[PDB]
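Here's the structure, in structure tokens; my notes come after.
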Amino acid sequence: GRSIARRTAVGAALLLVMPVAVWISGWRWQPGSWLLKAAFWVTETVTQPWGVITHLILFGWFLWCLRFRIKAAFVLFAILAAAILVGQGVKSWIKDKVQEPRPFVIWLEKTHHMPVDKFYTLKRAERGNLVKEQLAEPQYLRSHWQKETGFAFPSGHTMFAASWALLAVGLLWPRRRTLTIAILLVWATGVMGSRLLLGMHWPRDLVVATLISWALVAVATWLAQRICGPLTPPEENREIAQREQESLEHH
Ligand SMILES: CCCCCCCCCCCC[N+](C)(C)[O-]
């Protein structure tokens with residue numbers, strides 16, 4: 001019954017573990033040398049460029065594991081899509097009220113001799129264009145800081161990876177390759193870590209995207225299940241049991 005929502009919850013909490021830990025810890029970012037590249041790979045698996053690859057594969061794969069009760073599965077991926085739309089809607093809509101530095105911006109204004117008092121005594125958009133110019137004077141990492149922003153926004157990356165992971169844990173505990181759960185969990189954590197290491201986000205931001213991710217996934221499961229039909233074990237109790245007893249077979 002409510003079991004999904006239990007697991008989902010637990011999942012959130014689990015994924016809340018690392019960032020709250022970090023958040024409490026007083027850690028700060030600064031230069032290093034090879035980690036940046038791996039973290040950049042991990043974030044690039046969510047960036048779109050590519051993709052859109054991870055996303056589709058996870059989509060279809062989920063649909064396989066989501067068989068039987070697949071009637072709601074599509075509904076589910078529609079709801080998620082809907083909020084996704086809603087998402088890009090709000091994102092693009094307000095870039096006004098942010099006014100917050102990204103971990104690297106602080107180190108920058110410092111390193112570049114920019115009185116913080118004066119730094120915020122200046123405008124709003126001019127600040128951003130100045131961060132752009134200060135960035136202009138590794139390379140790909142610069143490309144990423146430019147492409148992203150001066151101001152820190154919510155974490156899309158976190159939200160996406162975390163929503164996937166949450167979906168994974170929550171709506172399947174009854175096994176289709178539990179490797180999928182463990183992998184989405186570790187991967188999600190890896191994206192969040194990727195954001196931290198790259199001077200992209202403050203730990204609180206990660207915590208919050210994980211929460212948003214939680215609420216989104218929750219509302220989506222409850223609503224998709226409302227109309228019509230849940231998963232729940234599908235007949236697939238017998239089929240999953242049939243795959244379970246195949247584990248001890250050989251003889
Ligand atoms: C900065 C990018 C804006 C993203 C818009 C909001 C995204 C929330 C969608 C999370 C759902 C991920 N999922 C489960 C469909 O894979």
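Following the order of the structure tokens, first chain is A, next is B, and so on, with residues numbered from 1 inside each chain and ligands from 1 in the order they appear.
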Near region 168-180 of chain A, counting only C-alpha atoms, which residues have an atom at most 10 Å away, once you skip same-chain residues fewer than 5 positions from it, shown as a PDB file with N, CA and C atoms, in the first residue's frame?
ATOM      1  N   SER A   3       3.578   1.530   1.085  1.00  0.00           N
ATOM      2  CA  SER A   3       4.968   1.056   1.137  1.00  0.00           C
ATOM      3  C   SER A   3       5.933   1.839   0.244  1.00  0.00           C
ATOM      4  N   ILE A   4       5.493   2.162  -0.970  1.00  0.00           N
ATOM      5  CA  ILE A   4       6.287   2.971  -1.894  1.00  0.00           C
ATOM      6  C   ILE A   4       6.768   4.219  -1.175  1.00  0.00           C
ATOM      7  N   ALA A   5       5.785   4.997  -0.737  1.00  0.00           N
ATOM      8  CA  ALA A   5       5.990   6.221   0.007  1.00  0.00           C
ATOM      9  C   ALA A   5       6.894   6.025   1.218  1.00  0.00           C
ATOM     10  N   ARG A   6       6.869   4.840   1.827  1.00  0.00           N
ATOM     11  CA  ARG A   6       7.833   4.539   2.878  1.00  0.00           C
ATOM     12  C   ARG A   6       9.238   4.547   2.271  1.00  0.00           C
ATOM     13  N   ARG A   7       9.477   3.614   1.353  1.00  0.00           N
ATOM     14  CA  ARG A   7      10.769   3.497   0.674  1.00  0.00           C
ATOM     15  C   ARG A   7      11.272   4.823   0.121  1.00  0.00           C
ATOM     16  N   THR A   8      10.471   5.453  -0.744  1.00  0.00           N
ATOM     17  CA  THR A   8      10.778   6.808  -1.226  1.00  0.00           C
ATOM     18  C   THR A   8      11.322   7.682  -0.089  1.00  0.00           C
ATOM     19  N   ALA A   9      10.519   7.879   0.960  1.00  0.00           N
ATOM     20  CA  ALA A   9      10.937   8.609   2.169  1.00  0.00           C
ATOM     21  C   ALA A   9      12.340   8.190   2.630  1.00  0.00           C
ATOM     22  N   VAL A  10      12.480   6.910   2.979  1.00  0.00           N
ATOM     23  CA  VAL A  10      13.770   6.373   3.408  1.00  0.00           C
ATOM     24  C   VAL A  10      14.856   6.795   2.432  1.00  0.00           C
ATOM     25  N   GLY A  11      14.629   6.507   1.150  1.00  0.00           N
ATOM     26  CA  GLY A  11      15.526   6.949   0.092  1.00  0.00           C
ATOM     27  C   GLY A  11      16.002   8.392   0.225  1.00  0.00           C
ATOM     28  N   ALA A  12      15.057   9.338   0.250  1.00  0.00           N
ATOM     29  CA  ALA A  12      15.359  10.756   0.463  1.00  0.00           C
ATOM     30  C   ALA A  12      16.323  10.928   1.637  1.00  0.00           C
ATOM     31  N   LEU A  58      17.573   5.129 -18.854  1.00  0.00           N
ATOM     32  CA  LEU A  58      16.887   4.981 -17.575  1.00  0.00           C
ATOM     33  C   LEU A  58      15.368   4.941 -17.742  1.00  0.00           C
ATOM     34  N   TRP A  61      14.447   1.548 -19.617  1.00  0.00           N
ATOM     35  CA  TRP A  61      14.786   0.484 -18.681  1.00  0.00           C
ATOM     36  C   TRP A  61      13.753   0.412 -17.571  1.00  0.00           C
ATOM     37  N   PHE A  62      13.416   1.578 -17.028  1.00  0.00           N
ATOM     38  CA  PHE A  62      12.406   1.684 -15.987  1.00  0.00           C
ATOM     39  C   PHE A  62      11.101   1.112 -16.508  1.00  0.00           C
ATOM     40  N   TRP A  64      10.745  -1.185 -18.659  1.00  0.00           N
ATOM     41  CA  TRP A  64      10.818  -2.647 -18.590  1.00  0.00           C
ATOM     42  C   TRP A  64      10.493  -3.097 -17.185  1.00  0.00           C
ATOM     43  N   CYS A  65      11.211  -2.567 -16.207  1.00  0.00           N
ATOM     44  CA  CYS A  65      10.972  -2.995 -14.837  1.00  0.00           C
ATOM     45  C   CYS A  65       9.580  -2.575 -14.385  1.00  0.00           C
ATOM     46  N   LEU A  66       9.027  -1.585 -15.073  1.00  0.00           N
ATOM     47  CA  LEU A  66       7.709  -1.068 -14.740  1.00  0.00           C
ATOM     48  C   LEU A  66       6.589  -1.776 -15.468  1.00  0.00           C
ATOM     49  N   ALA A  73       2.777   3.543 -15.128  1.00  0.00           N
ATOM     50  CA  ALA A  73       4.168   3.907 -15.385  1.00  0.00           C
ATOM     51  C   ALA A  73       4.269   5.050 -16.392  1.00  0.00           C
ATOM     52  N   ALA A 162      18.562  12.639  -8.250  1.00  0.00           N
ATOM     53  CA  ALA A 162      17.877  12.265  -7.018  1.00  0.00           C
ATOM     54  C   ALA A 162      16.473  11.755  -7.293  1.00  0.00           C
ATOM     55  N   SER A 163      15.786  12.364  -8.252  1.00  0.00           N
ATOM     56  CA  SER A 163      14.462  11.891  -8.629  1.00  0.00           C
ATOM     57  C   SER A 163      14.549  10.499  -9.250  1.00  0.00           C
ATOM     58  N   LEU A 185      21.579   5.050  -6.731  1.00  0.00           N
ATOM     59  CA  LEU A 185      21.883   5.658  -5.441  1.00  0.00           C
ATOM     60  C   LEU A 185      23.301   6.226  -5.421  1.00  0.00           C
ATOM     61  N   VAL A 186      24.274   5.390  -5.770  1.00  0.00           N
ATOM     62  CA  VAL A 186      25.667   5.802  -5.798  1.00  0.00           C
ATOM     63  C   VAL A 186      25.887   6.913  -6.821  1.00  0.00           C
ATOM     64  N   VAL A 217       8.776  13.657  -6.683  1.00  0.00           N
ATOM     65  CA  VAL A 217       8.594  12.217  -6.848  1.00  0.00           C
ATOM     66  C   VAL A 217       7.401  11.681  -6.048  1.00  0.00           C
ATOM     67  N   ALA A 218       7.261  12.146  -4.812  1.00  0.00           N
ATOM     68  CA  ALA A 218       6.153  11.739  -3.954  1.00  0.00           C
ATOM     69  C   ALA A 218       4.794  12.074  -4.572  1.00  0.00           C
ATOM     70  N   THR A 221       4.074   9.995  -7.608  1.00  0.00           N
ATOM     71  CA  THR A 221       3.683   8.609  -7.363  1.00  0.00           C
ATOM     72  C   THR A 221       2.244   8.540  -6.876  1.00  0.00           C
ATOM     73  N   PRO A 230      -1.955   1.189  -9.047  1.00  0.00           N
ATOM     74  CA  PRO A 230      -0.597   1.318  -8.505  1.00  0.00           C
ATOM     75  C   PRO A 230       0.374   0.180  -8.864  1.00  0.00           C
ATOM     76  N   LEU A 231       1.655   0.337  -8.523  1.00  0.00           N
ATOM     77  CA  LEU A 231       2.632  -0.753  -8.431  1.00  0.00           C
ATOM     78  C   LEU A 231       3.377  -0.426  -7.161  1.00  0.00           C
ATOM     79  N   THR A 232       3.331  -1.205  -6.073  1.00  0.00           N
ATOM     80  CA  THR A 232       2.656  -2.493  -5.844  1.00  0.00           C
ATOM     81  C   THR A 232       3.214  -3.678  -6.611  1.00  0.00           C
ATOM     82  N   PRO A 233       3.066  -4.874  -6.046  1.00  0.00           N
ATOM     83  CA  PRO A 233       3.376  -5.979  -6.940  1.00  0.00           C
ATOM     84  C   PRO A 233       2.244  -6.112  -7.934  1.00  0.00           C
ATOM     85  N   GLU A 236       3.001 -10.642 -11.203  1.00  0.00           N
ATOM     86  CA  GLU A 236       4.445 -10.540 -11.179  1.00  0.00           C
ATOM     87  C   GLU A 236       5.007 -10.939  -9.825  1.00  0.00           C
ATOM     88  N   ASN A 237       4.175 -11.046  -8.792  1.00  0.00           N
ATOM     89  CA  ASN A 237       4.651 -11.698  -7.576  1.00  0.00           C
ATOM     90  C   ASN A 237       5.123 -13.117  -7.914  1.00  0.00           C
ATOM     91  N   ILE A 240       8.320 -12.898 -10.368  1.00  0.00           N
ATOM     92  CA  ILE A 240       9.497 -12.460  -9.630  1.00  0.00           C
ATOM     93  C   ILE A 240       9.933 -13.562  -8.683  1.00  0.00           C
ATOM     94  N   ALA A 241       8.958 -14.298  -8.159  1.00  0.00           N
ATOM     95  CA  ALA A 241       9.259 -15.488  -7.373  1.00  0.00           C
ATOM     96  C   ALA A 241       9.860 -16.570  -8.271  1.00  0.00           C
ATOM     97  N   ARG A 243      11.684 -15.970 -10.911  1.00  0.00           N
ATOM     98  CA  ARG A 243      13.054 -15.523 -11.137  1.00  0.00           C
ATOM     99  C   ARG A 243      13.895 -15.678  -9.864  1.00  0.00           C
ATOM    100  N   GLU A 244      13.225 -15.727  -8.714  1.00  0.00           N
ATOM    101  CA  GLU A 244      13.899 -15.883  -7.425  1.00  0.00           C
ATOM    102  C   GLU A 244      14.330 -17.323  -7.168  1.00  0.00           C
TER     103      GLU A 244
END
Residues within 10 Å of ligand 1, counting only C-alpha atoms and all ligand atoms, as a PyMOL selection string: chain A and resi 46-48+54-56+58-59+76-92+148+153-168+209+212-214+216-217+220
DSSP-assigned alpha helix (DSSP H) members of region 95-203 of chain A, reported as JSON, numbers by chain: {"A": [103, 104, 105, 106, 107, 108, 109, 110, 111, 116, 117, 118, 119, 120, 125, 126, 127, 128, 129, 130, 131, 132, 133, 134, 135, 136, 139, 140, 141, 142, 143, 144, 145, 146, 147, 148, 156, 157, 158, 159, 160, 161, 162, 163, 164, 165, 166, 167, 168, 169, 170, 171, 179, 180, 181, 182, 183, 184, 185, 186, 187, 188, 189, 190, 191, 192, 193, 194, 195, 196, 197, 203]}
Length of the CA of residue 198 (chain A) to CA of residue 125 (chain A) vector [Å]: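 Atom-to-atom, CA of residue 198 (chain A) and CA of residue 125 (chain A) are spaced 23.3 Å apart.
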Nearest candidate to residue 208 (chain A) (options A:130, A:122, A:192, A:224; using only C-alpha atoms):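 Residue with the minimum atom-to-atom distance to residue 208 (chain A): A:192.
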Of the listed residues A:141, A:75, A:184, A:38, that which approaches residue 104 (chain A) most closely, counting only C-alpha atoms: A:141
Selected residue of minimal separation from residue 193 (chain A) among A:206, A:96, A:116, A:134, counting only C-alpha atoms: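 Among the listed residues, the smallest separation from residue 193 (chain A) belongs to A:206.
For the pair CA of residue 234 (chain A) and CA of residue 183 (chain A), the interatomic distance is 23.8 Å.
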From A:223, A:36, A:248, A:106, residue lying nearest residue 139 (chain A) [only C-alpha atoms]: A:36
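Shortest atom-to-atom contact with residue 103 (chain A) among A:53, A:215, A:42, A:152: A:152, counting only C-alpha atoms.
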Which residue of A:251, A:246, A:138, A:52 approaches residue 33 (chain A) most closely, using only C-alpha atoms: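 Checking each of A:251, A:246, A:138, A:52 against residue 33 (chain A), counting only C-alpha atoms, the winner is A:138.
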Selection: 12 Å around residue 235 (chain A), only C-alpha atoms, excl. self and same-chain fewer than 6 positions, as a list in words: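 Final neighbour list, sorted by chain and number: residues 67, 68, 69, 241 and 242 of chain A.
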I need the residues from that last selection saved to file as a short mmCIF file (atom, residue, chain, number, x, y, z; two decimals), in the first residue's frame (with C-alpha atoms), if you can.
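Contents of part-v9.cif, as written:
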data_model
loop_
_atom_site.label_atom_id
_atom_site.label_comp_id
_atom_site.auth_asym_id
_atom_site.auth_seq_id
_atom_site.Cartn_x
_atom_site.Cartn_y
_atom_site.Cartn_z
CA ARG A 67 5.92 -3.64 -16.89
CA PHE A 68 2.65 -5.24 -15.78
CA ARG A 69 1.54 -2.11 -13.93
CA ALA A 241 9.26 -15.49 -7.37
CA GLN A 242 9.92 -17.58 -10.50
#
Between CA of residue 112 (chain A) and CA of residue 135 (chain A), distance in Å (one decimal): 10.3 Å
